[PDB]
Each structure stands twice: as structure tokens, then as C-alpha cells.
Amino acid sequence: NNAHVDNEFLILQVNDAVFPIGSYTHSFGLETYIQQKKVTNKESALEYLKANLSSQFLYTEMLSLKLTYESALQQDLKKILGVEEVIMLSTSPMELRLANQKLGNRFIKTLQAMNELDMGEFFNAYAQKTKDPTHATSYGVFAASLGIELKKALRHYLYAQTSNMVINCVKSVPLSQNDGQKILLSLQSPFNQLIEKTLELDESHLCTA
């Protein structure tokens, strides 16, 4: 059914800022750091981003993507829903939880609206049953369902999220556009460290940051 679908383009399409699912929620956490004088320049923005990437973003978002990808390969819907339950029961404040659930639901619905894309029965079942989807967990199931390699799936998702984080810093601090690009370049080695760490973690580390 997916002979006309090229995963090499589809992975760009679903990570594009124009993929119509709403804004990522990283700006929620950043808002306090600017008002309270912590993030003021390129250097302190870089510090904040490295710290964020290696804490909650790693132990919740990135890890959850890996876990639901791996569980989807095993057709273990119970484990996927279990992961989503842990995340929901750990996320504060409620406004952020609701924003995250909205984003996950919109990701699933936007895929389903593309009627000429067959997500397969396991994804169909996941979409029918999910109560607390997130962008990362639904994306993990999506990537596994289409046979997209895990490391690649992680790279594209990580870059897209981080581009959003950096542009939030550029607009909110504010910084020059050139400082934004220097930050993104500086984060490439951290990105590789983060992906390698993600592959070492498991359910026992979920939401532990």
C-alpha cells in the first residue's frame, strides 16, 4: 500500500515546522529562565540548552520515543500505554500536560488525515486506544510502523525539537540570528552524545530526571 511513499521524504515532512500539529512546548520551561536573569546571552543560552537536553528532555521525551519504538516492533501495545501512563502521571503543571496531550493527538490525527498513507494495523490499534499520547511517544510508534531506522528517527526529531528551543531563545532573550546558528552548530556533538545515551537507557530510567 505504501509503494508510492518514500520514508526519506516522509521523515522530513513530519518533522517540518509546518507539519500542522501546533507548537512544541519547550518554551513553557524557558519562560522562567529569562524573566529571572539566568539566560541572558549566547553562552548562558547554550548552557541552559545543554542542561535541558540532558535532563527531562532525555529521560522523558527522547527515552519515551525509543521505548514506544521498541515496543511497537514487539507489537506490545500494553507497554506503550504503560509508558504514556508514567509520563502523564509525572508531568507538571497540568497546563503543560494538556498541551502535550493536544500535540500528541494532533500528530496522530494529521497522519491519519493523509488517507494515502497506510500506517498499518498496529498503529491503527495504538491510535484507537491511546489516552495520553505525546508527540514523542506517537512518533516512536509511527517510525517503527513504517520501518524507519531508530537512530535516524531520533536524529530528525532531536534536531527539530532543538531548532525550536534555539529559536525560542533567539526571540525571547533575545539573541541575534547568527548566535542561534552558532548554538545549533555547537550542539552537534552534544546531539550525538544524547542519541548514544538514549540507546543505553530503558523503562527504569523513564521520567527519572
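Start at 1 and count along the sequence shown; that's the residue number. What we label the rigid core is the largest C-alpha set whose atoms superpose within 1.5 Å from one form to the other.
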When the rigid core is fixed in 4 other deposited structures of this protein, C-alphas move more for 187-195 or 17-25; answer is 17-25
Kindly name the stretch, out of 142-150 and 31-39, whose CA atoms are displaced more from this form in 4 other deposited structures of this protein after the core superposition?
31-39
157-165 versus 47-55: which one carries the higher mean Cα B factor per the record?
47-55
Which is higher on average in the deposited entry, the C-alpha temperature factors of 6-14 or of 21-29?
21-29
Select one of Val39, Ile183, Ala143, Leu67: the residue whose C-alpha shows the highest B-factor in the crystal structure entry.
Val39
Entry-reported C-alpha B-factor of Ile34 relative to its chain, by third, is highest
Please place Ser172 in the lowest, middle or highest third of its chain by C-alpha B factor as given in the entry.
highest
Where the record places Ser92 (Cα B-factor, split into thirds across the chain)
highest
Please say which third, lowest, middle or highest, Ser138 falls into when its CA temperature factor is compared across its chain.
lowest
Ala72 by Cα B-factor - lowest, middle or highest third of the modelled chain
middle
